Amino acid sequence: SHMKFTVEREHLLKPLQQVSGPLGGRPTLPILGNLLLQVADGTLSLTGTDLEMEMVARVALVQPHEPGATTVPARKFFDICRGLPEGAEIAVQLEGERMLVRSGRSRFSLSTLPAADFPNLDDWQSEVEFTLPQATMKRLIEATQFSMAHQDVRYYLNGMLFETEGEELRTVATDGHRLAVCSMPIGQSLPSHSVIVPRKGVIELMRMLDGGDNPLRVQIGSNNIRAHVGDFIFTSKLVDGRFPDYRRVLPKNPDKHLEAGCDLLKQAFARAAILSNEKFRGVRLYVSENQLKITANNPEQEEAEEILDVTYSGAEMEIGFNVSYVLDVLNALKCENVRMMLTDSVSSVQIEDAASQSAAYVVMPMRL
């Protein structure tokens, strides 16, 4: 009935920053701009949500407290706590329909919206569970996040496939023009399961990975995924639909293998991109014995040409690509040498780190 708690500033800041992650869109339901604060038994729970996903932080209450719930503006409450001095004791209490924040001789009275109006994701039971290092989840997402579509009619492409198979966790992202797939062993036998996480949920999952050694405990249900890292619980609804099969998109029999230094290739594509068409980003690749030539032309008839010494012994061929798709892959690989496997001018190209097969990229060419 009369929520109250006193908590040291640094036990509140990162939690407040974490639970504010899903907020920031266009104003819809007023309470979506607020954080839900709940004091129950010895815990302060803070929740932020955008209806599709939510982030919850549990903070242990060692100092006197009284139970109850309310919601307050997220940015203002975080800005008050952030603006207070290091070591400030932040005393919070509900006073009628106002939430009072006090520390030293600083006093803030915030407007509130009822906790009964706060959107809670519907009840669900997990069917799959596994625990993995945060570094493995970071690796999986960073290797493939850039290939997800942005607002494609096929809503299942505006997200990332998370697939468990044997002892591996795998991510797949594609927009139908380019595809990225990454697989990592996670040291435990898993059922074969596939879910599509919304792109915003993928970005939220990445943000919650502090880099430390608290493990990431994942729970997957029929329609939701939950990720537990320390005292933070991230939940998101899943995306419906049939995601494409990366096994059927990987080029069948590349008869042409190219190998070059990742950085020399990245810089050559980066420079050629400067004089490519700003909307269509088209570059031509001319592969010949131990040589890769990249050309770029734009509507001003400006032209970039880059010649590289590469390892290549297949047949001579020309193939056009969107340079942003090629650069996204090279930027994501950040290795010493890269391998490009081709078939012909109208077929996809597989690109990968020459020293590792954990991630694979498939880029479809342009008729150029």
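Between two forms, the rigid core is defined as the largest C-alpha subset superposing within 1.5 Å. Sequential numbering from 1, following the sequence displayed.
*Asks:* Fitting on the core, do the C-alphas of 117 to 125 or of 76 to 84 deviate more in 7 other deposited structures of this protein?
*Replies:* It is 117 to 125 whose C-alphas lie farther from the shown form in 7 other deposited structures of this protein.
*Asks:* Core fit done; bigger CA RMS in 7 other deposited structures of this protein for 190 to 198 or for 273 to 281?
*Replies:* Between 190 to 198 and 273 to 281, greater C-alpha deviation in 7 other deposited structures of this protein belongs to 273 to 281.
*Asks:* Checking the other entries of this protein that model its neighbours, is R26 missing in at least a third?
*Replies:* Other entries vs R26: at least a third skip it.
*Asks:* As stated in the PDB record, which stretch has the larger average Cα B-factor, 249 to 257 or 281 to 289?
*Replies:* Comparing 249 to 257 with 281 to 289, the higher mean C-alpha B-factor belongs to 249 to 257.
*Asks:* Of the two stretches 105 to 113 and 206 to 214, which shows the higher Cα B-factor on average in the entry?
*Replies:* According to the entry, 206 to 214 carries the higher average C-alpha B-factor.
*Asks:* Per the PDB entry, which option out of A332, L35, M53, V56 has the greatest Cα B factor?
*Replies:* That would be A332, according to the entry.
*Asks:* Divide the modelled residues of the chain into thirds by Cα B-factor and specify which third, lowest, middle or highest, holds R139.
*Replies:* Lowest third of the chain for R139's C-alpha B-factor.
*Asks:* By its CA B factor, does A180 count among the lowest, middle or highest third of the modelled residues in the chain?
*Replies:* It belongs to the lowest third of the chain when residues are ordered by C-alpha B-factor.
*Asks:* Splitting the chain's C-alpha B-factors into thirds, which one does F77 fall into?
*Replies:* According to the entry, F77 has a C-alpha B-factor in the chain's lowest third.
*Asks:* Would you please rank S313 by its C-alpha temperature factor against the other modelled residues of its chain and give the third it falls in: lowest, middle or highest?
*Replies:* As the PDB entry reports it, the C-alpha B-factor of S313 lands in the highest third of its chain.
*Asks:* Compare the C-alpha B factor of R98 with those of the other modelled residues in its chain, then answer lowest, middle or highest third.
*Replies:* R98: CA B-factor falls in the middle third of its chain.
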